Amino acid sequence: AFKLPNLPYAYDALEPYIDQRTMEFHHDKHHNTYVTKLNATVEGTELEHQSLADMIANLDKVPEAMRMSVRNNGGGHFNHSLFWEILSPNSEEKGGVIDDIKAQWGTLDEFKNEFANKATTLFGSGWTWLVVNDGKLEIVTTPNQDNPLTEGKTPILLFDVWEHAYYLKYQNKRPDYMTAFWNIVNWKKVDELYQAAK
């Protein structure tokens, strides 16, 4: 079966950047729902031992009647599992990935500005991503729970702009939630993922 992972920190550990209450709802309700529904779709079938990453990367091969749940719920499970891992109460802007961001964008701020502009203009529900595409870093958006693996790119950092991720604290002020996020990136995890995918 797929399983809800435990958070690697306390629910209040990311205050004030993400409120405690949001982490409760977001992890115990929204993420738990993606998992439950995903299992309802695949259990008792020959897909029950297939990797999430492989199914997302090859949605076209998923059977037509299971595809929407695998896309949406499987997306939801992959994307939130990664999201918890790339957040940290001890963010230090260090690693080989940071050096390569500087090299490509000039400064860390230039990267943060391109990412922020894409996150804040993303219309509706979705995610902003840093990906490796061939050897190169790039920033992309996806709608809903869509995932750049489907397009042959490897994710190493992601930011949730579904309204449930920021409404309780920030309401409509999504740019303030963007600016907050930078303080809680687990750049260490981003770097591991980056070294593996270049």
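One-based numbering along the sequence shown.
Set 132-140 against 24-32 and average the Cα temperature factors; 132-140 ends up higher. Across the two stretches, 94-102 and 76-84, the PDB entry reports the greater mean Cα temperature factor for 94-102. Note on the listed residues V70, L158, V161, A40: the highest Cα temperature factor in the record is that of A40. Annotation for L4: C-alpha temperature factor in the lowest third relative to the rest of the modelled chain, per the entry. Among the modelled residues of its chain, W182 has a C-alpha B-factor that falls in the middle third according to the deposited record. The PDB entry assigns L122 a C-alpha temperature factor belonging to the lowest third of its chain's modelled residues.
Annotation for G152: C-alpha temperature factor in the highest third relative to the rest of the modelled chain, per the entry.
When the CA B factors of the chain's modelled residues are split into thirds, the value for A57 lands in the highest one.
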